[PDB]
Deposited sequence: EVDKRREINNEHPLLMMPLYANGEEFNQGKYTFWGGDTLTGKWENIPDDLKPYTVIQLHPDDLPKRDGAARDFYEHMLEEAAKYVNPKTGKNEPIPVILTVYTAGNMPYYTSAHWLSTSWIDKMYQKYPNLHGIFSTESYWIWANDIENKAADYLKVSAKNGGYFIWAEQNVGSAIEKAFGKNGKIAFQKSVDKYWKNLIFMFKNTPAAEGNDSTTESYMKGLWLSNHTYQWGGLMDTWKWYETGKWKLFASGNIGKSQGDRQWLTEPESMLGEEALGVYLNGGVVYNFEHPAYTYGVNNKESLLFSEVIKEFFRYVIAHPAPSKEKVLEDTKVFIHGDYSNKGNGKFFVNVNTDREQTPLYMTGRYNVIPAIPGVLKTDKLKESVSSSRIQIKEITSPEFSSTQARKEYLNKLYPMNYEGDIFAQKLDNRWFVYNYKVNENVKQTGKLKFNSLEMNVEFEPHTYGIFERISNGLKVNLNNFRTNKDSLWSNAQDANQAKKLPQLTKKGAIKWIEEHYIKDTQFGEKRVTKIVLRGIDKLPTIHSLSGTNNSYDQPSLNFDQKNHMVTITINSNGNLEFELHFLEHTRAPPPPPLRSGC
């Protein structure tokens, strides 16, 4: 094996930092990105603690669809990245880069990436030590006749140079199954047999109306556990709100795919953290997001979604490495072999661990994510390994009856919760319904009851001297975007915000003059404690929380903690048990 250019694993996770080429400005002789970020400026603005775990991902977006455009733009930016000088130290510190090399089947009518040869990619790897990988994203809807062959070549050229091939794809139209040879195109299967240590496979949750979130994530996890990918992760996309026809938060009615640039701004910020937990809690280590203007920011400035949710989440997964492959393997009780495409796709998990067909969330952590690999792959080398065609998986009820025998019930209440070591992870799983959820969790004899509004997650760690709490319910008010529409009919008919309009809205009304959401209440009740706990190390989003209220009831050895907040929040409670 050629020495790897970087590590990507639980201890060295990866946050991809997208920069999308501005093709309109390219036609005017400029080298710029949509949203006004610059390569150097974006890198400089990444906190120094995150720099070792963050890589700039260039994307060719709307560069002209002709030979040379993407090479020109990419060479220009690789040069900028290579020559970067840290102004504090005066040292040349080449900026790490991933290039988007394949998208939309690389059709010449869809992308400038068509004209990026494997020869050119090899040349770039050899010229730029700071080129750490190449990225393929979103071809499920245009499954080119040579897509598997090209993916093999991308993986091989990456392995040859110590780089990673990273593929973000969703199991629409059997995409993941076909990638590994379902329909007889086996070149990528064979490449992975050799070069899996240089592959990263990610979900891409954009096509939310097709409901393949749970099954794609199941495959990413199973491919990883079975050594068909070095690591896995996910690209979580606020465009899901567009794809599913939602509009104003909690409003009635569906507007369809009619207001895209308003719609990709509307997903609650903290919901991205809820999605990301599904990656982390299942051993995934690679994270990416769209739309970049909302999820990361503009003009080399962090959006509040980035600063209050994504940045803090990513810091958490660096501080608490995700469960290792070995650990996840030990914990896996059932591993599915076969094609979700033959068993209802995402419907497979509805009312097993998802609450509806179109959601990126889970309603229980009891089974965590059940890992699977497509039927084309083998289970010889790879726990009960079960064919997807088994009677145990024939119906919703059968699945639960079987899984429940192997995965015991470990909490109470209609809420998402999952436990790792001494940590309960909890979130309200409602997507667009304004409904509180409650759960009862235990740390041995200590009882913790929680009440969460939608778009709220928490991490509760039993430490020797009490409990460490991380809470995030950050959700700004997007109603301005939907003003002048009292119903779905009117909302569908609003003037288009447009891409440029949405970027400008972020600049003028999100980066500044933000319409923050209202503070809202979280309740935490601890039963079985000796004395009034003390609170320590309280911090969170500025101006976003009231001082927590602790009400201790001596007779019943319990405390009720009431929090009123809208943001990220951390604190410790110190106490002993009774």
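Participant: Would you mind checking the deposited sequence against the model and listing the stretches with no C-alpha coordinates?
Facilitator: Sequence ranges with no C-alpha atoms are 383-390, 587-599.
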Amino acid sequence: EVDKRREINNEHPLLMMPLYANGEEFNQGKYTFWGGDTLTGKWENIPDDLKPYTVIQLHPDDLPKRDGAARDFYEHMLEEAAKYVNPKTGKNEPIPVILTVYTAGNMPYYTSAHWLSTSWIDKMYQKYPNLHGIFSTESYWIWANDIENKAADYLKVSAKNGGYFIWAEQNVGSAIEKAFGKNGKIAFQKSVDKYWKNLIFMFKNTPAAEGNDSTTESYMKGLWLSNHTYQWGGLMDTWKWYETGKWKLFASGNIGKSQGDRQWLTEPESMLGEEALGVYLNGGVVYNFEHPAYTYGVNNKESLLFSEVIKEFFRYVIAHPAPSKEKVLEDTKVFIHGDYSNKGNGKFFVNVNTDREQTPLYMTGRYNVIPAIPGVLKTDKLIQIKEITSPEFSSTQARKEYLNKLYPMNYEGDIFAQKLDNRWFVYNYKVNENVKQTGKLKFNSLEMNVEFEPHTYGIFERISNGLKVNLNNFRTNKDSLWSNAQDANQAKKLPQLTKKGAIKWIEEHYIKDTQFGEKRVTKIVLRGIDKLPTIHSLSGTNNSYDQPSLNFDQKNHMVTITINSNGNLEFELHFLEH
From here on, numbers count along this sequence of modelled residues.
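Participant: Going by the average Cα B-factor in the PDB entry, point out whether 549-557 or 508-516 comes out higher.
Facilitator: Between 549-557 and 508-516, it is 549-557.
Participant: On mean C-alpha B-factor from the PDB entry, just flag whether 239-247 or 331-339 is the higher one.
Facilitator: Taking the mean C-alpha B-factor of 239-247 and of 331-339, the larger value falls to 331-339.
Participant: Taking the Cα B-factors listed in the entry, which of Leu467, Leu304, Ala152, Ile255 comes out highest?
Facilitator: Most elevated C-alpha B-factor of the set, per the entry: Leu467.
Participant: Looking at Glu210, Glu79, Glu312, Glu267, which has the biggest Cα B factor in the entry?
Facilitator: If I rank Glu210, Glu79, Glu312, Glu267 by C-alpha B-factor, first place goes to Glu79.
Participant: Ordered by C-alpha B-factor within the chain, which third holds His59? Give me lowest, middle or highest, please.
Facilitator: For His59, whose C-alpha B-factor we compare with every modelled residue in the chain, the answer is the lowest third.
Participant: Where does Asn404 sit by CA temperature factor within its chain: lowest, middle or highest third?
Facilitator: As the PDB entry reports it, the C-alpha B-factor of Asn404 lands in the highest third of its chain.
Participant: Split the chain's modelled residues into thirds by Cα B-factor; is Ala502 in the lowest, middle or highest one?
Facilitator: Middle third - that is where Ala502 ends up once the chain's C-alpha B-factors are sorted.
Participant: Is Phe452 in the lowest, middle or highest third of its chain when residues are ranked by C-alpha B-factor?
Facilitator: Within its chain, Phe452 is a middle-third residue by C-alpha B-factor, going by the deposited values.
Participant: Check where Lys83 lands among this chain's C-alpha B-factors and tell me if it's the lowest, middle or highest third.
Facilitator: According to the entry, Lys83 has a C-alpha B-factor in the chain's highest third.
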